[PDB]
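Below is one structure, written out as structure tokens; comments come after it.
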Amino acid sequence: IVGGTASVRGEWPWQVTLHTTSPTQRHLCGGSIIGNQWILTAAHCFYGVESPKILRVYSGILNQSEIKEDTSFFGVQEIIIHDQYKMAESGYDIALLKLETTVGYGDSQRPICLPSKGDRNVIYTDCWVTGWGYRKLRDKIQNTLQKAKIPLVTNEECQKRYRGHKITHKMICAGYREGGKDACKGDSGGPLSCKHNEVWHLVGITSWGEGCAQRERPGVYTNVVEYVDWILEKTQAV
Ligand SMILES: COC(=O)Nc1ccc(NC(=O)[C@@H]2c3ccccc3CCN2C(=O)/C=C/c2c(-n3cnnn3)ccc(Cl)c2F)cc1
């Protein structure tokens, strides 16, 4: 996160840190708890990931220093990547992780609500991007979970900012015209959470952008409301 501040413990209880153990253990991507065995993240996180056996999901973490060999995590049973996904810049940048065990809900770890189909017309005024990513393009994974409040940008304005790309309605952009506050390397897959009628909704999945927090280069997120039926298909299968 560029231009962010340290979060408080339990502020984003749906935020997870997805680690890979190959070749050594390290933070790979952010993610969100959406169900007791379901993590919603970005499909691009799994480039070259051959098996779910190298993945570890950590919930209820404020600081990366909380994670040692003895720290409990959730194993990943299945990686489900959207069938139409090719690359982040083309859309469909969405994946589900089916966990090997159930997440026990509490004040440190709980699910974020998916946006409603009726909430497609609603205007979100209080949106936040969170993660352990870089603070500048050449930086490092941060110890403490950072947060930044960012305004949502219309599809029309976002398309003006990205000539040469096709910004579809399955994408949602966010950022200040002048830049300064945005997601950066290591934040991808994490949430873009918006508070509406005192309830937090998973509005976007941190996906891509040209650089980090650049003037007139908003962050591009998977527009979660457009994938609600896909999420239900995968998580509510008979
Ligand atoms: C040695 O340890 C490390 O350096 N760890 C470390 C650990 C993890 C990442 N993740 C990434 O780079 C991941 C990642 C993960 C898997 C496969 C590929 C990629 C590439 C994209 N990506 C981002 O985080 C997305 C950046 C991003 C962004 N940036 C543009 N350029 N940089 N940021 C601007 C706006 C928005 Cl919305 C973004 F979402 C990097 C370094």
Side-chain angles (χ1 to χ4, degrees), residues 12-22 27-49 51-52 54-60 73-105 109-116 118 122 124 129-131 168-172 183 187-194 196 199-208 219-238:
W12 314 101
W14 48 90
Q15 174 87 63
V16 301
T17 171
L18 175 68
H19 281 215
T20 178
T21 58
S22 182
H27 166 88
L28 176 67
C29 271
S32 305
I33 300 160
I34 59 147
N36 69 353
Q37 64 175 353
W38 298 105
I39 302 304
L40 194 67
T41 191
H44 76 261
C45 296
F46 309 100
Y47 179 84
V49 164
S51 168
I54 66 153
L55 298 185
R56 288 179 170 200
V57 174
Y58 293 94
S59 58
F73 63 87
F74 295 95
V76 179
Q77 187 168 104
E78 202 191 349
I79 302 158
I80 309 168
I81 283 148
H82 195 293
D83 272 350
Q84 288 172 274
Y85 169 81
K86 166 77 219 167
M87 52 199 292
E89 288 164 277
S90 294
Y92 305 98
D93 194 13
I94 194 170
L96 279 153
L97 301 175
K98 194 188 184 197
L99 305 176
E100 277 169 351
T101 48
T102 283
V103 175
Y105 302 161
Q109 56 194 34
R110 66 174 204 75
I112 180 162
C113 286
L114 290 181
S116 185
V122 309
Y124 299 96
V129 59
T130 53
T168 69
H169 285 286
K170 282 191 164 63
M171 293 173 187
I172 187 165
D187 290 318
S188 75
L192 169 72
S193 314
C194 303
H196 166 251
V199 47
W200 288 98
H201 296 279
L202 189 52
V203 165
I205 307 164
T206 309
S207 186
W208 67 276
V220 191
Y221 299 82
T222 305
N223 187 14
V224 172
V225 77
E226 300 299 316
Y227 295 93
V228 170
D229 290 341
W230 175 87
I231 293 162
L232 295 179
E233 173 199 349
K234 303 294 165 166
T235 69
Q236 313 281 274
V238 293

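These numbers come from the heavy atoms of this one structure, side chains and all, not from hydrogens, waters or symmetry mates. Here, residue 1 is the first one in the sequence, and each next residue gets the next number.
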### Task
Before giving the answer on side chain to side chain contact (heavy atoms under 4.5 Å, CB included), spell out for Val76 and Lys98 the whole-Å C-alpha distance, their side-chain angles and the decisive distance to 0.1 Å.
CA-CA 6 Å; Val76 179; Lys98 194 188 184 197; 6.0 Å; no
### Query
What's the verdict on side chain to side chain contact (heavy atoms under 4.5 Å, CB included) for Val199 and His201, showing C-alpha distance, side-chain angles and the deciding distance?
CA-CA 7 Å; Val199 47; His201 296 279; 3.5 Å; yes
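Checked options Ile34, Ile81, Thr41; the residue passing with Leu96 is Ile34 (criterion: side-chain contact (heavy atoms from CB on, under 4.5 Å)).
Within the model, atoms CD1 of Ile172 and CG of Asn223 stand 4.5 Å from one another, a figure rounded to the nearest 0.5 Å. In this structure, CG on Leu28 lies 7.0 Å from CG on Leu55, to the nearest 0.5 angstrom. Atom CD1 of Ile33 sits about 9.5 Å away from atom CZ of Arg110, to the nearest 0.5 Å. Within the model, atoms CZ of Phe46 and SG of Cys29 stand 6.5 Å from one another, a figure rounded to the nearest 0.5 Å. Within the model, atoms CD of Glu89 and CE of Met171 stand 8.5 Å from one another, a figure rounded to the nearest 0.5 Å. In this structure, CD1 in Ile231 is found 11.0 Å from CD1 in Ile80, a value given to the nearest 0.5 Å.
The six-membered or imidazole ring of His19 lies near that of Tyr58, with a centre-to-centre distance under 6.0 Å.
Considering every non-hydrogen atom in both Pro115 and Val203, the closest pair reads CG-CA, 4.5 Å. Closest heavy-atom contact between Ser22 and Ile54: CB-CD1, 3.9 Å. Scanning all heavy atoms of the two residues, the minimum distance from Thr101 to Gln37 falls at O-CB, 4.4 Å. Nearest heavy-atom pair across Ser32 and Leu202 is OG-CD1, 3.6 Å. The minimum heavy-atom distance linking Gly35 with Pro111 is given by the pair N-CB, 4.2 Å. Between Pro191 and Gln15, the shortest heavy-atom contact is CD-OE1, 3.2 Å.
Looking only at atom types and distance, the side chain of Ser188 has a donor-acceptor partner in the side chain of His44 under 3.5 Å away.
Between the side chain of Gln109 and the backbone N or O of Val103, no donor-acceptor pair lies under 3.5 Å. No donor-acceptor pair under 3.5 Å is formed between the side chain of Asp93 and the backbone N or O of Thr222.
The side-chain heavy atoms of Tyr85 and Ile94, taken from C-beta on, include no pair separated by under 4.5 Å. Side-chain contact between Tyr105 and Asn36: present, with at least one pair of heavy atoms (C-beta onward) separated by less than 4.5 Å. Using a 4.5 Å heavy-atom cutoff, the side chains of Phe74 and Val16 are not in contact. Annotation: side chain of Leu99 is in contact with side chain of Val57 (closest heavy-atom distance under 4.5 Å).
Ring pair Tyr92/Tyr227 is perpendicular by interplanar angle, where above 60° counts as perpendicular and below 30° as parallel. Note on ring orientation: taking the six-membered ring where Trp is involved, the planes of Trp200 and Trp14 are tilted (angle from 30° to 60°).
Figure legend: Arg56 and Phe73 shown as a cation-pi pair, the cationic atom lying under 6.0 angstrom from the six-membered ring centre and within 45 degrees of its axis.
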